[PDB]
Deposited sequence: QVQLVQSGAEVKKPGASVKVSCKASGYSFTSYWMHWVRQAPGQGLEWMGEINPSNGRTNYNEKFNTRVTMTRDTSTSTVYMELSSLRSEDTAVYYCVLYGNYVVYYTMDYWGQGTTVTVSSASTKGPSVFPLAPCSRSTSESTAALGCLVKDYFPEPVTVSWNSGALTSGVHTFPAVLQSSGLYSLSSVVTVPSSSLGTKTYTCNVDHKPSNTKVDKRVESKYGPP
């Protein structure tokens, strides 16, 4: 069984998002499909379900006026649309096949998830600043949107003693992240952080000194 979801999205407040979930490996119209979401740092919440044989739905009362689930049986795809988006809707959204299916087959299946970010912010690449004084050094990856950003050191060769921290969301609406590495002081050898922010096509190499 595979459940393949559409790619990450960014939306302004008030707008709507439509995520797809393409199903294979089981009788599509034989079982209900669910949606479950998870906001950053938080737990899981069930959003509702749809019966693909007939389009019938049941929604969590919390979302009942904002969510629309539909399906296309010909392509074995379910859609979840969520309207009047607010920042609290920033989350990973999963389509899920579980419930009675698990009794029959002894397992469930989840899609890989779709990150949806709702913010009045617009897509922007970070500035990368050096963090300079066993010694520590690092890179400040500042003022980007949306997540994620990847950081490596010395093209991936330096992993030991590296800490890349969770980003924080600033009052500006933009994210900021630090990545550091600790080394013996006598090393102060060459240290370069490689930053890649795919949504803005900002790929940067910063030599730290």
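Gaps in the model relative to the deposited sequence occur at 1, 135-142, 198-199, 221-226, listed in sequence order.
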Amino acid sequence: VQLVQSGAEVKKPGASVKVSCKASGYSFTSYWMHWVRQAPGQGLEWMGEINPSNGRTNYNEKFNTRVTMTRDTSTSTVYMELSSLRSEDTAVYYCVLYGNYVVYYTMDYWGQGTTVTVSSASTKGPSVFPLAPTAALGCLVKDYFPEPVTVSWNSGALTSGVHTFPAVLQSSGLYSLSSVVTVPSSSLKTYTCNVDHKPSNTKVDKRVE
From here on, numbers count along this sequence of modelled residues.
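Looking at mean Cα B-factors across 31-39 and 157-165, the upper value is held by 157-165. Legend: mean Cα B-factor per stretch from the PDB entry, 95-103 versus 116-124; the higher mean is in 116-124. When all modelled residues of the chain are sorted by CA temperature factor, residue 90 is found within the lowest third.
Among all modelled residues in this chain, the alpha-carbon of residue 188 has a temperature factor (C-alpha) in the highest third. In the PDB entry, residue 199 places in the highest third of its chain by CA B-factor. For residue 131, the recorded CA temperature factor ranks within the middle third of the chain's modelled residues. Annotation for residue 50: C-alpha temperature factor in the lowest third relative to the rest of the modelled chain, per the entry.
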